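# Coordinate inspection notes
Residues per chain, in single letters:
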Amino acid sequence: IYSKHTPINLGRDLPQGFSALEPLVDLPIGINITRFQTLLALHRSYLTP
Amino acid sequence: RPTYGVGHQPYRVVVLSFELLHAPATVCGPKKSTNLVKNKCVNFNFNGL
Amino acid sequence: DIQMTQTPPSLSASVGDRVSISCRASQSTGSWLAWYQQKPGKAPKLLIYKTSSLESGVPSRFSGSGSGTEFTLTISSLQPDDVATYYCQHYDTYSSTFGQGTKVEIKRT
Amino acid sequence: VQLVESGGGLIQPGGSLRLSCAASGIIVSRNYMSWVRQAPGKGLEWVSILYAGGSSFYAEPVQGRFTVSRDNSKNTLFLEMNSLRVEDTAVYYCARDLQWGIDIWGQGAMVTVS
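As summarised from the PDB record, the model derives from cryo-EM at a stated resolution of 3.6 Å.

## Quick word on the state of the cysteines
Enumeration according to the criterion identifies two disulfides over all chains in this entry. Bridging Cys23 of chain C to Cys88 of chain C, the disulfide has an S-S length of 2.0 Å. When the S-S torsion is 80 degrees, as for the bridge of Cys23 of chain C with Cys88 of chain C, the disulfide is right-handed. Here the residue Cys23 of chain C occupies a position in strand β3 (residues 19–25), and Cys88 of chain C occupies one in strand β9 (residues 85–90), the gap between them amounting to 65 residues. For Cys21 of chain D, the disulfide goes to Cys94 of chain D, at an S-S distance of 2.0 Å. Its S-S torsion of approximately 70 degrees makes the covalent link between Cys21 of chain D and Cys94 of chain D right-handed. Note that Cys21 of chain D is positioned in strand β3 (residues 17–24) and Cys94 of chain D in strand β9 (residues 90–97), a separation of 73 residues in sequence. Taken as a pair, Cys21 of chain D and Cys94 of chain D share a single burial class, namely buried.

## Points about the sheet that holds strand β7 (residues 67–71) of chain D
Residue and element names in this part refer to chain D. Spatially, four strands are ordered β1-β3-β8-β7 in an open sheet, and the strand pairing comes out antiparallel. One side of each edge strand has no neighbouring strand; the edge strands of this open sheet are β1 (2–6) and β7. Strand-to-strand twist across the sheet, computed as the mean angle between neighbouring axes with direction ignored, equals 20 degrees. Pairing of β7 with strand β8 (residues 76–81), which is carried by five bridges, proceeds in the antiparallel orientation. From the neighbouring strand, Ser69 faces β8, where its bridge partner is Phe78.

Cut-offs applied
- Residues numbered from 1 in each chain as written, not as in the entry; some residues may be left out.
- Chains lettered and ligands numbered in written order.
- Part of a larger assembly, values for the part shown.
- Heavy atoms only, no water.
- Disulfide = S-S within 2.5 Å.
- Helix = DSSP H or I, 4+ residues; strand = E, 2+ residues; numbered from the N terminus.
- Buried < 20%, exposed > 50% of the residue type's maximum accessible area, 1.4 Å probe, protein only.
- Pairing = 2+ DSSP bridges.
- Axes fitted to C-alpha atoms, helices over the stretch in contact; angles between N-to-C directions.

Here is the structure:
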């Protein structure tokens, strides 16, 4: 799994330009995956009930 | 008791078991490096290089 | 419990004859049985342990076999050193159980 | 190795005994040793075992009654029979226990309780 973060100006979606993605930890496992999903966090203000 | 014959005295036994499979060696022991004598036509090997 | 029975209690055979004795446990012991030879006025000598391993020093003529419930010692040829009582012991780290004893004698008229 | 036992004799019921058995040719604090009694007319009965580490394992009937011990300096096994019963009469043998089992048999001490 590689990484990146651009300081690019905010827009509407994936903008133009290029930036290559650099490794973080070369996990030596690589087992097959069929379904991929994103873990999302329910954003709060730390004060709501 | 600390008053045993050598046959039954408490011996600390560590079984260092090494393991190979279809993964890279995340544990190695290459703790044998030369020094850095420089500016001569020599044989260098920077960690496999 | 675990009781082993020995047969025959009264056997008369001659030197050179085989001595086939059978010791059977009521249920499975797997391999924890040993064959011993004891003479009256003497302590038993372990003839075979694990029912298949020849004990170091006991003559190879003694062939102990068996597992679980049943076991059999076979003296290929009797000799005067074999005229004695034979026991089977269920092996256990504690008291365990011993056989009743098969007393083998010299057959005569 | 020779195991020589002493103390074989007559004792009243409920009394105390201390059977001895010297081991010669090996160090007692380096091998398992055992006490095994044979009653007159019966097979063997292994009653106790002392490890070379002093770990005493008594049979439940003899648990809390008999005390197995070894004198490494004297290299001699000792058995302190306490609260003797009528059934405690037998030829008692010290023995050497191993991975394979009981290899060294003592000459035995007679024990009569009556």
